[PDB]
Amino acid sequence: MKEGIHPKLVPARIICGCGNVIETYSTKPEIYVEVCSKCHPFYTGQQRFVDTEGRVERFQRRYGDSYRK
Amino acid sequence: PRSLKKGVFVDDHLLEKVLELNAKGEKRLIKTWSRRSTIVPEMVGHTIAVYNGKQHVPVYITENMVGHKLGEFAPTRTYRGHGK
Amino acid sequence: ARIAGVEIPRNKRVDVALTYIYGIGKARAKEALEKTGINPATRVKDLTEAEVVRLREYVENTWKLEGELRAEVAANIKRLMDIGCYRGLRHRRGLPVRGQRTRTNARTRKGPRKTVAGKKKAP
Amino acid sequence: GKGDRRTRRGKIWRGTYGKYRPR
Amino acid sequence: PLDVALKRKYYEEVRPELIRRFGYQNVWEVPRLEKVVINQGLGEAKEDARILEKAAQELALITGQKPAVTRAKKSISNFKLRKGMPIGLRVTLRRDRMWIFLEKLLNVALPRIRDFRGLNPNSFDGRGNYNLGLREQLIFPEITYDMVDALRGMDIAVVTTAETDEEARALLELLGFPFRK
Amino acid sequence: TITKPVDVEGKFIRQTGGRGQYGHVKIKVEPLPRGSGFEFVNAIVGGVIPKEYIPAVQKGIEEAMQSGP
RNA sequence: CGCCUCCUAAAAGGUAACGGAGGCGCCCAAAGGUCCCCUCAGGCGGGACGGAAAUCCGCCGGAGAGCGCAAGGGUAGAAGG
RNA sequence: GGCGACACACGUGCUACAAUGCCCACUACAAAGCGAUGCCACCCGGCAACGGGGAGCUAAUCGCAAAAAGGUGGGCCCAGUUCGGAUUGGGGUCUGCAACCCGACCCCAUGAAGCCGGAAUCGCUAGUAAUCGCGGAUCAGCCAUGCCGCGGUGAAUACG
RNA sequence: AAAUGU
RNA sequence: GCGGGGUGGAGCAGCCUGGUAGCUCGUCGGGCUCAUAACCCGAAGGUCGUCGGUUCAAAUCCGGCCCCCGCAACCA
Ligand SMILES: [Mg+2]
Ligand SMILES: [Mg+2]
Ligand SMILES: [Mg+2]
Ligand SMILES: [Mg+2]
Ligand SMILES: [Mg+2]
Ligand SMILES: [Mg+2]
Ligand SMILES: [Mg+2]
Ligand SMILES: [Mg+2]
Ligand SMILES: [Mg+2]
Ligand SMILES: [Mg+2]
Ligand SMILES: [Mg+2]
Ligand SMILES: [Mg+2]
Ligand SMILES: [Mg+2]
Ligand SMILES: [Mg+2]
Ligand SMILES: [Mg+2]
Ligand SMILES: [Mg+2]
Ligand SMILES: [Mg+2]
Ligand SMILES: [Mg+2]
Ligand SMILES: [Mg+2]
Ligand SMILES: [Mg+2]
Ligand SMILES: [Mg+2]
Ligand SMILES: [Mg+2]
Ligand SMILES: [Mg+2]
Ligand SMILES: [Mg+2]
Ligand SMILES: [Mg+2]
Ligand SMILES: [Mg+2]
Ligand SMILES: [Mg+2]
Ligand SMILES: [Mg+2]
Ligand SMILES: [Mg+2]
Ligand SMILES: [Mg+2]
Ligand SMILES: [Mg+2]
Ligand SMILES: [Mg+2]
Ligand SMILES: [Mg+2]
Ligand SMILES: [Mg+2]
Ligand SMILES: [Zn+2]
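Residue numbers (the deposited numbering), protein chains in the order written: chain 12, 1 to 69; chain 1s, 2 to 85; chain 1m, 2 to 124; chain 1u, 2 to 24; chain 1G, 2 to 182; chain 1z, 486 to 554.
Set out below in structure tokens:
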């Protein structure tokens, strides 16, 4: 590699808000990150954040079964 | 919309038809004047001809259009465009 | 990109900064601060990341917001045009949906005014 | 403003009550 | 070299699963990563703001590698372009720096992507290579909102010795590439 | 007679000095069987054209027939 | 009306007509000398903004590209970058 | 079913573009008028619209009813904003046979144009203009921001 | 200064 | 034969010197007036005759076709 033009790659700690810590390399020694692959809705299983809502519509509607017969 | 504590409004005379078909024999042409009527789960699979003021609109009924009313699916005004 | 995906404005009260998230009005804003025990009167710039991720956790999970929110909103409108009911039609033509008068106004839904060589008066 | 229903002011104007102007 | 997460995971977890999956007769036949080339389309720096060495600095923080410039091969009237103008940055990541980057990419970067529903399962070369598009760059951990001046996306090409799309899919899957369908 | 149906206008707009003259008429004339003759439609909506100027617009198309193409 | 390229020109050279078609009267301080490295047009697939065409990747591609400017000859085993 | 249409054009209007403002808490001073399948206090359920009970009053007796601007206090700090409330999604309430056309209201999310308006043009000479709320007739309900009334605060200028 | 009217 | 030209609806710029179409009238929407014209405010419209070349790029440079204007066709 060329001398004098490249940034130093030092051992680096990336820390997330879920507690997961990444042992990696970067140009910044410590970095905190709001989200990671260990706590992200797509990655972490069928974590459907809130969205079971969902494909209920239309005829789970009921309420109820009260027409004259 | 109408209150939920009150009854989900069908027109009785229309609903009788829907149910009288799922026994005897489905299906046919169910010419109606009840745009007021909410589409009931038992209407699914049918084809109701809905009035628009002049003519009966052939309307298939799918699963994802239940809570609505007939009249939505038979428009009353014709536009196509302007200065065209 | 803190909460949720957006970086809520510093130097401003948290009950206000929260509103700048898609899915949060003045209501949910004040809620998720008493429900998480943060004085809404504090500036975002003066927070411990604890308070953040605590507030972040609550907010990002209680209601679906921003992107998936826009999807679900879009999908509903999408579904309406599919059937298509009258409410669905007036979305296709980009006309008022909640049965407003169109003969005048309705400009929020019809974009800018498109004047035209209409009828002429007399000589 | 007088048209914002989400205000004490706005609900006064219309002439109704609620969360933002209760009785 | 050194020891890094993804690079270890490749040799003691990925390679065998691949051998098992496809039954290779040779150690060298099994899919390797060759290189990861980052390209920043730019050209917003054609004449406008002439020099964007801020993208050069940002990319240098992301990869630990100072990117090379790409200049217009030929002049184009419609794009207001003169033959020879700086209109892009390209950096070529190989070996450890390729891993180090790809690790932070899969472990941290792709997560931060707004409305991330998974990578595209069709963006495969047809000859066993993959390309993807990033539209922002604060996605990366070393980059924040403070140090940025404008939003700048990029093009990532991951090049592998898989002869087929199928073989390549596996290699990326096992390494930790999310896929919508 | 005509070998095809059509649709044109009739504008008479003289703006020199408030003296007068302003007649506007659009029509859709279409061919007929070779034994009919002449049939005129008063297809005017509301007051778009006054009803007092109707004898003298019938009399205007009328007068045009006498000499042909 | 002088000059250059092609054809006419009958396979050496040359060869006429108020015969058939083009161009020149400049240019470059690098577009020069040398050493060193590099290889095109185009086609298919892939890729944020980014399009038919900007930049990146893969595969096919002996030269159909390029050689400031006409045409011819030459030419990557370089005269091209 | 339509009179509610929508490429567009004019009239009358309502709400605004903000700090003489906007928001929230508490705290005051009107007037005219209406009210027996009516006004409905007071309590309970509900963030609420409202619902469940339930006292009174043929009403200078009881109810609508809180007037609003204002007053004290705190927040916002000049931003398309805690300005702005259009637009759309979603869940509801009430009336009525029934709310798709085509009701109003409540709540969550949404948060558009608009930074004071070209040529032009309207009203008003005093408790007037401006501004703030209240009532009523029509009336199941309501598209009233319209109309007819009532009071609060309360200016400027008129050489000619 | 400033035209015209079946 | 020689020279010039063809561009919003009309009449004219830009052309040489390549990158940008402009001026007056007209048309359309809005004002003024009882009304009309004048007059005031604002808009819309050319894809540069047409095919090919050159060029990164052509109304503009070159060429071919098609129209038009002027001049010339003398000794005979
Ligand atoms: Mg918000
Ligand atoms: Mg309405
Ligand atoms: Mg006001
Ligand atoms: Mg594919
Ligand atoms: Mg490969
Ligand atoms: Mg010879
Ligand atoms: Mg010789
Ligand atoms: Mg040279
Ligand atoms: Mg050379
Ligand atoms: Mg190529
Ligand atoms: Mg391609
Ligand atoms: Mg760009
Ligand atoms: Mg060649
Ligand atoms: Mg040349
Ligand atoms: Mg009407
Ligand atoms: Mg301001
Ligand atoms: Mg905004
Ligand atoms: Mg604006
Ligand atoms: Mg706001
Ligand atoms: Mg507001
Ligand atoms: Mg709704
Ligand atoms: Mg209705
Ligand atoms: Mg003002
Ligand atoms: Mg105004
Ligand atoms: Mg007076
Ligand atoms: Mg009132
Ligand atoms: Mg109004
Ligand atoms: Mg005069
Ligand atoms: Mg012209
Ligand atoms: Mg012309
Ligand atoms: Mg006039
Ligand atoms: Mg051409
Ligand atoms: Mg051209
Ligand atoms: Mg040009
Ligand atoms: Zn995490």
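Just so you know, even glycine gets a beta-carbon here, dropped at the ideal spot from N, CA and C.
Checklist entry - Which residues in chain 1s sit within 9 Å of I84 (chain 1m), going by Cβ to Cβ distance? => result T63, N65, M66, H69, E73 and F74
Checklist entry - In this structure, does DSSP put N123 (chain 1G) in helix, strand or coil? => result coil
Next on the checklist: Our contact map puts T64 (chain 1G) next to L90 (chain 1G) with C-beta atoms below 8 Å; I'd like the distance itself, whole angstroms only.
Outcome noted: Between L90 (chain 1G) and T64 (chain 1G) the Cβ distance is about 11 Å, and since that is not below 8 Å, they are no contact.
Item to check | Same chain, Cβ closer than 7 Å to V11 (chain 1s), neighbours up to 5 away in sequence not counted | outcome: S38, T39 and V41
Checklist entry - Below 8 Å between beta carbons: does that hold for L43 (chain 1G) and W100 (chain 1G)? => result no
Checklist entry - What do you get for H14 (chain 1s), buried or exposed, if any count of 16 or more other CB atoms within 10 angstroms of its CB means buried? => result exposed
Checklist entry - Near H69 (chain 1s), which residues of its chain fall below 6 Å by C-beta distance, leaving aside the five closest residues on each side in sequence? => result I40
Checklist entry - Can a CB atom of chain 12 be found closer than 8 Å to the CB of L15 (chain 1s)? => result no
Checklist entry - For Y21 (chain 1m), which residues of its own chain have a beta-carbon under 7 Å away from its beta-carbon, when the five flanking residues on both sides are left out? => result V7, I9 and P10
Checklist entry - Going straight from the alpha carbon of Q60 (chain 12) to that of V9 (chain 1s), what length do you get? => result 14 Å
Checklist entry - What does DSSP give as the partner residues of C16 (chain 12) in its beta bridges? => result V33 (chain 12)
Checklist entry - I think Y67 (chain 12) touches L16 (chain 1s), with their Cβ atoms under 8 Å apart; what is that distance to the nearest whole Å? => result 5 Å
Checklist entry - Where does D5 (chain 1u) sit, in a helix, a strand or coil, going by DSSP? => result coil
Item to check | Distance, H92 (chain 1m) Cα to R136 (chain 1G) Cα | outcome: 30 Å
Checklist entry - Can you tell me the Cα-Cα spacing of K18 (chain 1s) and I546 (chain 1z), whole angstroms? => result 58 Å
Item to check | Neighbourhood of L3 (chain 1G) by C-beta, 7 Å cutoff - its chain only, sequence neighbours within 5 removed | outcome: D97
Next on the checklist: How far does the beta strand (DSSP E) with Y59 (chain 1m) in it extend, from its first residue to its last?
Outcome noted: It is not in any beta strand (DSSP E) - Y59 (chain 1m) instead sits in the alpha helix (DSSP H) that spans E50 to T63.
Checklist entry - So which of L5 (chain 1s), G72 (chain 1s), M66 (chain 1s) and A75 (chain 1s) has the shortest CA-CA distance to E43 (chain 1s)? => result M66 (chain 1s)
Item to check | Anticipated Cβ contact below 8 Å, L19 (chain 1G) with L173 (chain 1G), distance rounded | outcome: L19 (chain 1G) to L173 (chain 1G), Cβ: 11 Å. No contact.
Checklist entry - Does at least one heavy atom of ligand 2 sit under 7 Å from the Cβ of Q56 (chain 1s)? => result no
Checklist entry - Is the beta carbon of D116 (chain 1G) sitting closer than 8 Å to the one on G24 (chain 1m)? => result no
Item to check | CB contact below 8 Å: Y507 (chain 1z) versus chain 1m | outcome: yes
Checklist entry - Which same chain residues, not among the five before or five after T33 (chain 1s), have their C-beta less than 7 Å away from its C-beta? => result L15, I49, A50, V51, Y52 and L71
Next on the checklist: Give me, in chain order, the residues of the same chain whose beta-carbon lies closer than 8 Å to that of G505 (chain 1z); leave out the 5 immediate sequence neighbours on both sides.
Outcome noted: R499
Item to check | Beta-carbon gap between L120 (chain 1G) and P179 (chain 1G) smaller than 8 Å | outcome: yes
Checklist entry - In terms of residues, what are the limits of the alpha helix (DSSP H) holding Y61 (chain 1s)? => result Careful: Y61 (chain 1s) lies outside any alpha helix (DSSP H), inside the beta strand (DSSP E) at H57 to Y61.
Checklist entry - Taking the alpha-carbon positions, what's the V98 (chain 1m) to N106 (chain 1m) distance? => result 14 Å
Checklist entry - So which of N108 (chain 1G), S124 (chain 1G), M86 (chain 1G) and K10 (chain 1G) has the shortest CA-CA distance to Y32 (chain 12)? => result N108 (chain 1G)
Checklist entry - So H92 (chain 1m) is in the beta strand (DSSP E); what residue range does that whole segment cover? => result Segment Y87 to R93 is the alpha helix (DSSP H) holding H92 (chain 1m); no beta strand (DSSP E) there.
Next on the checklist: Any heavy atom of ligand 35 closer than 7 Å to the beta-carbon of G17 (chain 12)?
Outcome noted: yes
Item to check | Reduced DSSP category for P42 (chain 1s) - H, G, I as helix; E, B as strand; rest coil | outcome: helix
Checklist entry - Going by other Cβ atoms of all chains shown within 10 Å of its Cβ, with 16 needed for buried, is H83 (chain 1s) buried or exposed? => result exposed
Item to check | Cα-Cα separation, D492 (chain 1z) to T77 (chain 1s) | outcome: 29 Å
Checklist entry - Hey, does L173 (chain 1G) have any beta-carbon neighbour from chain 12 nearer than 8 Å? => result no
Checklist entry - Taking Cβ positions only, does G84 (chain 1s) come closer than 8 Å to chain 1m? => result yes
Checklist entry - When Cβ atoms are compared, which residues of the stretch 8 to 34 of chain 1s fall closer than 8 Å to chain 12? => result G8, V9, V11, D13, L16 and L20
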